[PDB]
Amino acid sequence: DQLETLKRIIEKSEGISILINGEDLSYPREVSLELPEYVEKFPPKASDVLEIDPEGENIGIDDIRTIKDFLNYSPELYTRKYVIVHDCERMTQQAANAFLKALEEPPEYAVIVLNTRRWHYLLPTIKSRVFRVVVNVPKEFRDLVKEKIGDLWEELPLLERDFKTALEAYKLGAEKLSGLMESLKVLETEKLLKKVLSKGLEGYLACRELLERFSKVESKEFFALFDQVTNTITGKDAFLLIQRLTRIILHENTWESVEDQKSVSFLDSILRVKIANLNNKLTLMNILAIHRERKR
């Protein structure tokens, strides 16, 4: 339904800039990625679709130059050439400025697919030149995954807000999902730490498993586990683990008490702190202790 509406808009366009907008963590990105093949009914060769998604928190003017060079040539197999820019609010002022001509008047054969979850974060100059499209993960999809994985859906709260991870769970099915959870349960701590920073499902399950170890390790051995984790995961990796664990601790616990309100306020605050202003080990210790004691 969504993809079909876009397809029609695209087929009667002589160049178009679209912004796929949604509250889900990955649905805007996945809709963007599947769009070209949905319109063309053929899979994408690299000469016909370009994906822009830098590893950091900024999309610079250099990324915009890349896009502009790519758009100057015709597609090989496809009718149209596609550019996908994930989480486009990351564009710098120079990047946005440099992208106005191509965005307002893209080549007749071009489709620029930007995506974000924050429409108002974009400069009015981007908003003025892009056809906005709000996307929502349909109810039927949730009912479809719940029915495939059963009780595991309520046991994994992230799935309701991360479409792609919910889709990986749906592809594995009940037995393999339960089997993956058990494989991580028996895995050695050194090996488990190599997965806590992975993308998607396996990273989420590894994070859940590491938290459970901090929650259940015998009192005498808690700091031994903590030292082993903090000696392996440091700097930016530690900041990333803090962020991920804070999200899991927040979303996978209930907070009714007055004492809980102090803990929630602390957990909520961590999410908004920049890497330069946080003590990693002290923060990790506190979130894990919060979680461990909440579970007790």
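From 1 onward, residues are counted along the sequence shown.
Looking at mean Cα B-factors across 222-230 and 139-147, the upper value is held by 139-147. The question of which stretch, 238-246 or 30-38, has the higher mean Cα B factor is settled in favour of 238-246. Take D48, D53, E259, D63 and read off each C-alpha B-factor from the entry; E259 has the highest. Highest C-alpha temperature factor among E202, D87, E212, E160 per the entry: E160.
Remark: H291 belongs to the lowest third of its chain, ranked by C-alpha B-factor as recorded. Ranked within its chain, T92 lands in the lowest third, by CA B factor from the PDB record. Per the PDB record, residue ranking by Cα B-factor puts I16 in the middle third of the chain. Among all modelled residues in its chain, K81 ranks in the lowest third by Cα B-factor. Compared with the other modelled residues of the chain, the Cα B-factor recorded for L284 ranks in the lowest third.
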